[PDB]
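**Student:** Next comes the structure file model.pdb, holding PDB, C-alpha atoms.
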```pdb
ATOM      1  CA  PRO F  32      66.718 152.516 146.451  1.00  0.00           C
ATOM      2  CA  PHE F  33      68.136 150.849 143.341  1.00  0.00           C
ATOM      3  CA  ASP F  34      71.519 149.378 144.327  1.00  0.00           C
ATOM      4  CA  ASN F  35      73.627 147.762 141.587  1.00  0.00           C
ATOM      5  CA  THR F  36      76.697 147.389 143.814  1.00  0.00           C
ATOM      6  CA  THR F  37      75.965 144.460 146.167  1.00  0.00           C
ATOM      7  CA  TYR F  38      75.909 140.724 145.534  1.00  0.00           C
ATOM      8  CA  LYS F  39      72.481 139.358 146.443  1.00  0.00           C
ATOM      9  CA  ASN F  40      73.237 135.632 146.021  1.00  0.00           C
ATOM     10  CA  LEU F  41      74.722 134.947 149.466  1.00  0.00           C
ATOM     11  CA  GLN F  42      72.273 132.314 150.741  1.00  0.00           C
ATOM     12  CA  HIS F  43      74.351 129.456 149.351  1.00  0.00           C
ATOM     13  CA  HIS F  44      77.147 130.403 151.744  1.00  0.00           C
ATOM     14  CA  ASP F  45      74.995 128.638 154.360  1.00  0.00           C
ATOM     15  CA  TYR F  46      73.970 125.522 152.417  1.00  0.00           C
ATOM     16  CA  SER F  47      75.052 122.216 153.943  1.00  0.00           C
ATOM     17  CA  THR F  48      75.344 118.556 152.968  1.00  0.00           C
ATOM     18  CA  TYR F  49      71.611 117.749 152.773  1.00  0.00           C
ATOM     19  CA  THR F  50      70.216 121.057 151.511  1.00  0.00           C
ATOM     20  CA  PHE F  51      69.423 119.696 148.046  1.00  0.00           C
ATOM     21  CA  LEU F  52      67.828 116.475 149.280  1.00  0.00           C
ATOM     22  CA  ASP F  53      66.006 118.244 152.108  1.00  0.00           C
ATOM     23  CA  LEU F  54      64.447 120.535 149.500  1.00  0.00           C
ATOM     24  CA  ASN F  55      63.613 117.513 147.347  1.00  0.00           C
ATOM     25  CA  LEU F  56      61.907 115.960 150.368  1.00  0.00           C
ATOM     26  CA  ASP F  57      60.052 119.226 150.985  1.00  0.00           C
ATOM     27  CA  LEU F  58      58.809 119.365 147.384  1.00  0.00           C
ATOM     28  CA  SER F  59      57.353 115.845 147.546  1.00  0.00           C
ATOM     29  CA  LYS F  60      53.942 117.117 148.691  1.00  0.00           C
ATOM     30  CA  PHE F  61      53.526 119.204 145.512  1.00  0.00           C
ATOM     31  CA  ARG F  62      54.121 116.590 142.821  1.00  0.00           C
ATOM     32  CA  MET F  63      51.529 115.034 140.573  1.00  0.00           C
ATOM     33  CA  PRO F  64      51.107 111.258 140.905  1.00  0.00           C
ATOM     34  CA  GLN F  65      53.719 109.557 138.786  1.00  0.00           C
ATOM     35  CA  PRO F  66      52.692 107.591 135.684  1.00  0.00           C
ATOM     36  CA  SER F  67      53.013 103.820 135.578  1.00  0.00           C
ATOM     37  CA  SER F  68      54.546 101.426 133.074  1.00  0.00           C
ATOM     38  CA  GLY F  69      52.240  98.677 134.364  1.00  0.00           C
ATOM     39  CA  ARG F  70      54.887  96.522 136.055  1.00  0.00           C
ATOM     40  CA  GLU F  71      57.275  96.803 138.980  1.00  0.00           C
ATOM     41  CA  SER F  72      60.307  96.769 136.687  1.00  0.00           C
ATOM     42  CA  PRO F  73      61.545  95.526 133.293  1.00  0.00           C
ATOM     43  CA  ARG F  74      62.693  92.382 135.108  1.00  0.00           C
ATOM     44  CA  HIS F  75      59.132  91.496 136.167  1.00  0.00           C
TER
ATOM     45  CA  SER D  47      80.234  84.827 112.250  1.00  0.00           C
ATOM     46  CA  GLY D  48      81.265  84.523 108.606  1.00  0.00           C
ATOM     47  CA  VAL D  49      78.877  82.457 106.492  1.00  0.00           C
ATOM     48  CA  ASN D  50      81.053  81.965 103.408  1.00  0.00           C
ATOM     49  CA  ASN D  51      81.622  78.265 104.164  1.00  0.00           C
ATOM     50  CA  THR D  52      77.893  77.444 104.167  1.00  0.00           C
ATOM     51  CA  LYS D  53      77.357  78.146 100.459  1.00  0.00           C
ATOM     52  CA  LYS D  54      78.080  74.817  98.748  1.00  0.00           C
ATOM     53  CA  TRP D  55      76.947  71.227  99.207  1.00  0.00           C
ATOM     54  CA  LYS D  56      79.510  68.680 100.404  1.00  0.00           C
ATOM     55  CA  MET D  57      79.697  64.907 100.057  1.00  0.00           C
ATOM     56  CA  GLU D  58      81.766  62.995 102.614  1.00  0.00           C
ATOM     57  CA  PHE D  59      81.999  59.350 103.647  1.00  0.00           C
ATOM     58  CA  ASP D  60      81.574  57.476 106.907  1.00  0.00           C
ATOM     59  CA  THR D  61      84.455  57.676 109.367  1.00  0.00           C
ATOM     60  CA  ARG D  62      86.424  54.474 109.896  1.00  0.00           C
ATOM     61  CA  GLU D  63      89.000  53.220 112.360  1.00  0.00           C
ATOM     62  CA  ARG D  64      92.098  55.232 113.131  1.00  0.00           C
ATOM     63  CA  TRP D  65      94.709  53.604 115.355  1.00  0.00           C
ATOM     64  CA  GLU D  66      98.008  54.557 116.939  1.00  0.00           C
ATOM     65  CA  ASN D  67     101.173  53.709 115.058  1.00  0.00           C
ATOM     66  CA  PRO D  68     103.330  51.515 117.345  1.00  0.00           C
ATOM     67  CA  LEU D  69     106.590  53.261 116.463  1.00  0.00           C
ATOM     68  CA  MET D  70     105.534  56.903 116.784  1.00  0.00           C
ATOM     69  CA  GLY D  71     101.944  57.071 118.002  1.00  0.00           C
ATOM     70  CA  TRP D  72     100.777  58.640 114.739  1.00  0.00           C
ATOM     71  CA  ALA D  73      97.191  58.167 113.564  1.00  0.00           C
ATOM     72  CA  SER D  74      97.153  55.266 111.107  1.00  0.00           C
ATOM     73  CA  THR D  75      94.255  54.415 108.833  1.00  0.00           C
ATOM     74  CA  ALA D  76      93.311  51.763 106.305  1.00  0.00           C
ATOM     75  CA  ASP D  77      90.424  53.784 104.831  1.00  0.00           C
ATOM     76  CA  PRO D  78      91.334  55.184 101.386  1.00  0.00           C
ATOM     77  CA  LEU D  79      88.279  57.480 101.444  1.00  0.00           C
ATOM     78  CA  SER D  80      89.037  59.015 104.840  1.00  0.00           C
ATOM     79  CA  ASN D  81      89.918  62.428 103.346  1.00  0.00           C
ATOM     80  CA  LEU D  82      87.629  62.464 100.296  1.00  0.00           C
ATOM     81  CA  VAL D  83      85.314  65.495 100.236  1.00  0.00           C
ATOM     82  CA  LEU D  84      83.516  66.670  97.089  1.00  0.00           C
ATOM     83  CA  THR D  85      81.828  70.021  96.460  1.00  0.00           C
ATOM     84  CA  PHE D  86      78.530  70.473  94.634  1.00  0.00           C
ATOM     85  CA  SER D  87      76.487  73.503  93.657  1.00  0.00           C
ATOM     86  CA  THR D  88      73.133  71.910  94.479  1.00  0.00           C
ATOM     87  CA  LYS D  89      71.683  68.944  96.326  1.00  0.00           C
ATOM     88  CA  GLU D  90      70.553  67.457  93.013  1.00  0.00           C
ATOM     89  CA  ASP D  91      74.105  67.525  91.638  1.00  0.00           C
ATOM     90  CA  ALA D  92      75.451  65.703  94.694  1.00  0.00           C
ATOM     91  CA  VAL D  93      72.720  63.050  94.661  1.00  0.00           C
ATOM     92  CA  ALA D  94      73.201  62.404  90.949  1.00  0.00           C
ATOM     93  CA  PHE D  95      76.938  61.936  91.457  1.00  0.00           C
ATOM     94  CA  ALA D  96      76.364  59.506  94.336  1.00  0.00           C
ATOM     95  CA  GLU D  97      73.847  57.457  92.350  1.00  0.00           C
ATOM     96  CA  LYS D  98      76.022  56.896  89.288  1.00  0.00           C
ATOM     97  CA  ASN D  99      78.997  55.827  91.433  1.00  0.00           C
ATOM     98  CA  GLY D 100      76.896  53.331  93.397  1.00  0.00           C
ATOM     99  CA  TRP D 101      77.190  54.903  96.853  1.00  0.00           C
ATOM    100  CA  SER D 102      74.281  54.774  99.238  1.00  0.00           C
ATOM    101  CA  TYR D 103      73.805  58.196 100.760  1.00  0.00           C
ATOM    102  CA  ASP D 104      71.918  60.355 103.222  1.00  0.00           C
ATOM    103  CA  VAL D 105      70.882  63.884 102.258  1.00  0.00           C
ATOM    104  CA  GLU D 106      70.462  66.503 104.969  1.00  0.00           C
ATOM    105  CA  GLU D 107      68.322  69.488 104.081  1.00  0.00           C
ATOM    106  CA  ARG D 108      69.974  72.890 104.022  1.00  0.00           C
ATOM    107  CA  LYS D 109      69.675  74.905 107.220  1.00  0.00           C
ATOM    108  CA  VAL D 110      69.118  78.616 106.618  1.00  0.00           C
ATOM    109  CA  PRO D 111      69.134  81.071 109.546  1.00  0.00           C
ATOM    110  CA  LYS D 112      65.660  82.272 110.412  1.00  0.00           C
ATOM    111  CA  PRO D 113      64.925  85.893 109.450  1.00  0.00           C
ATOM    112  CA  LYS D 114      64.975  87.934 112.649  1.00  0.00           C
ATOM    113  CA  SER D 115      63.270  91.187 113.648  1.00  0.00           C
ATOM    114  CA  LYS D 116      65.971  93.487 115.011  1.00  0.00           C
ATOM    115  CA  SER D 117      65.230  96.891 116.517  1.00  0.00           C
ATOM    116  CA  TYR D 118      67.664  99.152 118.338  1.00  0.00           C
ATOM    117  CA  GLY D 119      64.722 101.060 119.801  1.00  0.00           C
ATOM    118  CA  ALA D 120      63.422  98.077 121.762  1.00  0.00           C
ATOM    119  CA  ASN D 121      66.397  98.399 124.130  1.00  0.00           C
ATOM    120  CA  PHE D 122      64.686 101.403 125.758  1.00  0.00           C
ATOM    121  CA  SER D 123      61.093 100.210 125.971  1.00  0.00           C
ATOM    122  CA  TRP D 124      58.721 102.149 128.198  1.00  0.00           C
ATOM    123  CA  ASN D 125      56.887  99.076 129.478  1.00  0.00           C
ATOM    124  CA  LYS D 126      58.353  95.928 127.866  1.00  0.00           C
ATOM    125  CA  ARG D 127      60.897  93.434 129.138  1.00  0.00           C
ATOM    126  CA  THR D 128      63.248  94.105 126.213  1.00  0.00           C
ATOM    127  CA  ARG D 129      64.541  97.179 128.058  1.00  0.00           C
ATOM    128  CA  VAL D 130      68.249  96.549 128.641  1.00  0.00           C
ATOM    129  CA  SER D 131      69.860  97.360 131.980  1.00  0.00           C
ATOM    130  CA  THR D 132      73.286  98.083 130.458  1.00  0.00           C
ATOM    131  CA  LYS D 133      74.977  99.095 127.217  1.00  0.00           C
TER
END
```
Spit out the file's structure as structure tokens when you get a sec.

**Tutor:**
Amino acid sequence: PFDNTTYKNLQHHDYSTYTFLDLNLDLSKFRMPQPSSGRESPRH
Amino acid sequence: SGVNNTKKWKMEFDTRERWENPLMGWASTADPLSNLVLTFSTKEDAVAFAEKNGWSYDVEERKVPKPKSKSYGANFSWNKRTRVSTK
């Protein structure tokens, strides 16, 4: 049944202090290998 | 940073004794040429003036700043050391 009367974005009511970084940690297995500039840092 | 005082050639003379005046402590001198500074357009003009007046002289070649390669973009290099850590 099409219902245009209820707010469906209520998950964020339960987000906590590490939700964003926990998700970032979860996503780490999906990422392509990062490119390289050829040195550890500009100071090397 | 202004360069306007590096345009002309100067001729000056060797520094001689200055001593303290006993009464006041002022800087006394017996060198009449202590303040003499002449201005010349070119090195050749200065040398010619020194020769005709009988002064031995040293000529120092003009120092011109090296031409530099400046690039704002280098501050953000992908893989070079010129990348700056702060602005």

**Student:** Could you give me, as CSV, a per-residue list for chain D showing, wherever an atom lies at most 8 Å from an atom of chain F, the closest pair of atoms and their distance in Å to one decimal, using only C-alpha atoms and sorting by chain then residue number from low to high?

**Tutor:**
```
residue,atom,partner,partner_atom,distance
D:124,CA,F:68,CA,6.5
D:125,CA,F:68,CA,4.9
D:126,CA,F:73,CA,6.3
D:127,CA,F:73,CA,4.7
D:128,CA,F:73,CA,7.4
D:129,CA,F:73,CA,6.3
```

**Student:** Just give me the gap between atom CA of residue 83 of chain D and atom CA of residue 101 of chain D in Å, one decimal is fine.

**Tutor:**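 So the two atoms, atom CA of residue 83 of chain D and atom CA of residue 101 of chain D, lie 13.8 Å apart.
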
**Student:** To test the calculation: enclose all listed atoms of segment 57-60 of chain F in a box whose edges run along x, y and z, add 6 Å on each side, then state centre and edge lengths in Å to one decimal, as AutoDock Vina command-line options.

**Tutor:**
```
--center_x 57.0 --center_y 117.6 --center_z 149.2 --size_x 18.1 --size_y 15.5 --size_z 15.6
```

**Student:** Could you check how far atom CA of residue 130 of chain D sits from atom CA of residue 65 of chain F, in Å to one decimal?

**Tutor:**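 Result for atom CA of residue 130 of chain D versus atom CA of residue 65 of chain F: 22.0 Å, one decimal.
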
**Student:** Could you jot down the atom CA of residue 73 of chain D to atom CA of residue 55 of chain D separation for me, Å, one decimal place?

**Tutor:**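 Separation of atom CA of residue 73 of chain D and atom CA of residue 55 of chain D: 28.0 Å.
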
**Student:** Return as a compact mmCIF listing (two decimals) with C-alpha atoms, keeping the file's coordinate frame the set of residues that the PyMOL selection byres ((chain D and resi 107) around 12) yields on the displayed structure.

**Tutor:**
```
# COMPACT_ATOMS: atom_id res chain seq x y z
CA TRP D 55 76.95 71.23 99.21
CA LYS D 56 79.51 68.68 100.40
CA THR D 88 73.13 71.91 94.48
CA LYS D 89 71.68 68.94 96.33
CA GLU D 90 70.55 67.46 93.01
CA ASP D 104 71.92 60.36 103.22
CA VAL D 105 70.88 63.88 102.26
CA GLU D 106 70.46 66.50 104.97
CA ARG D 108 69.97 72.89 104.02
CA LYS D 109 69.68 74.90 107.22
CA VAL D 110 69.12 78.62 106.62
```

**Student:** Take segment 75-94 of chain D, bring it up to N, CA, C and O atoms, and give me the output as an mmCIF file, in the coordinates of the input.

**Tutor:**
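Generated output (part_8.cif):
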```cif
data_model
loop_
_atom_site.group_PDB
_atom_site.id
_atom_site.type_symbol
_atom_site.label_atom_id
_atom_site.label_comp_id
_atom_site.auth_asym_id
_atom_site.auth_seq_id
_atom_site.Cartn_x
_atom_site.Cartn_y
_atom_site.Cartn_z
ATOM 1 N N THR D 75 95.558 54.772 109.364
ATOM 2 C CA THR D 75 94.255 54.415 108.833
ATOM 3 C C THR D 75 94.437 53.430 107.692
ATOM 4 O O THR D 75 95.481 53.396 107.041
ATOM 5 N N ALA D 76 93.403 52.628 107.469
ATOM 6 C CA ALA D 76 93.311 51.763 106.305
ATOM 7 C C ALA D 76 92.148 52.154 105.404
ATOM 8 O O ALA D 76 91.766 51.371 104.532
ATOM 9 N N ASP D 77 91.580 53.343 105.593
ATOM 10 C CA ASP D 77 90.424 53.784 104.831
ATOM 11 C C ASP D 77 90.897 54.708 103.724
ATOM 12 O O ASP D 77 91.284 55.845 104.011
ATOM 13 N N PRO D 78 90.887 54.282 102.458
ATOM 14 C CA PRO D 78 91.334 55.184 101.386
ATOM 15 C C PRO D 78 90.457 56.409 101.203
ATOM 16 O O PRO D 78 90.935 57.415 100.675
ATOM 17 N N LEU D 79 89.200 56.369 101.628
ATOM 18 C CA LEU D 79 88.279 57.480 101.444
ATOM 19 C C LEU D 79 88.217 58.401 102.651
ATOM 20 O O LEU D 79 87.309 59.229 102.734
ATOM 21 N N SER D 80 89.162 58.289 103.583
ATOM 22 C CA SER D 80 89.037 59.015 104.840
ATOM 23 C C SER D 80 89.094 60.527 104.643
ATOM 24 O O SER D 80 88.535 61.270 105.454
ATOM 25 N N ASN D 81 89.748 61.000 103.584
ATOM 26 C CA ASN D 81 89.918 62.428 103.346
ATOM 27 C C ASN D 81 89.137 62.929 102.138
ATOM 28 O O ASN D 81 89.309 64.083 101.742
ATOM 29 N N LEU D 82 88.282 62.104 101.547
ATOM 30 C CA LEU D 82 87.629 62.464 100.296
ATOM 31 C C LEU D 82 86.403 63.326 100.577
ATOM 32 O O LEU D 82 85.458 62.882 101.233
ATOM 33 N N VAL D 83 86.426 64.563 100.088
ATOM 34 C CA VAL D 83 85.314 65.495 100.236
ATOM 35 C C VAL D 83 85.087 66.171 98.892
ATOM 36 O O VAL D 83 86.009 66.780 98.342
ATOM 37 N N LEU D 84 83.871 66.072 98.366
ATOM 38 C CA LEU D 84 83.516 66.670 97.089
ATOM 39 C C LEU D 84 82.565 67.840 97.303
ATOM 40 O O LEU D 84 81.806 67.874 98.271
ATOM 41 N N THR D 85 82.617 68.801 96.387
ATOM 42 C CA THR D 85 81.828 70.021 96.460
ATOM 43 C C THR D 85 80.830 70.058 95.313
ATOM 44 O O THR D 85 81.176 69.756 94.169
ATOM 45 N N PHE D 86 79.594 70.427 95.622
ATOM 46 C CA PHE D 86 78.530 70.473 94.634
ATOM 47 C C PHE D 86 77.746 71.765 94.776
ATOM 48 O O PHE D 86 77.598 72.303 95.874
ATOM 49 N N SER D 87 77.261 72.268 93.644
ATOM 50 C CA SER D 87 76.487 73.503 93.657
ATOM 51 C C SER D 87 75.122 73.291 94.291
ATOM 52 O O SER D 87 74.641 74.148 95.039
ATOM 53 N N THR D 88 74.486 72.158 94.015
ATOM 54 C CA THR D 88 73.133 71.910 94.479
ATOM 55 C C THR D 88 73.017 70.486 94.998
ATOM 56 O O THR D 88 73.836 69.619 94.699
ATOM 57 N N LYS D 89 71.974 70.270 95.797
ATOM 58 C CA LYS D 89 71.683 68.944 96.326
ATOM 59 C C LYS D 89 71.456 67.938 95.208
ATOM 60 O O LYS D 89 71.840 66.772 95.324
ATOM 61 N N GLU D 90 70.817 68.366 94.122
ATOM 62 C CA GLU D 90 70.553 67.457 93.013
ATOM 63 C C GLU D 90 71.847 67.001 92.350
ATOM 64 O O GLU D 90 71.976 65.833 91.972
ATOM 65 N N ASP D 91 72.816 67.906 92.203
ATOM 66 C CA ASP D 91 74.105 67.525 91.638
ATOM 67 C C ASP D 91 74.796 66.476 92.497
ATOM 68 O O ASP D 91 75.350 65.504 91.975
ATOM 69 N N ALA D 92 74.790 66.661 93.816
ATOM 70 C CA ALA D 92 75.451 65.703 94.694
ATOM 71 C C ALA D 92 74.767 64.345 94.648
ATOM 72 O O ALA D 92 75.438 63.313 94.575
ATOM 73 N N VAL D 93 73.435 64.322 94.680
ATOM 74 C CA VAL D 93 72.720 63.050 94.661
ATOM 75 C C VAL D 93 72.983 62.318 93.355
ATOM 76 O O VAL D 93 73.217 61.106 93.343
ATOM 77 N N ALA D 94 72.960 63.040 92.237
ATOM 78 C CA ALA D 94 73.201 62.404 90.949
ATOM 79 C C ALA D 94 74.591 61.793 90.892
ATOM 80 O O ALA D 94 74.773 60.697 90.353
#
```
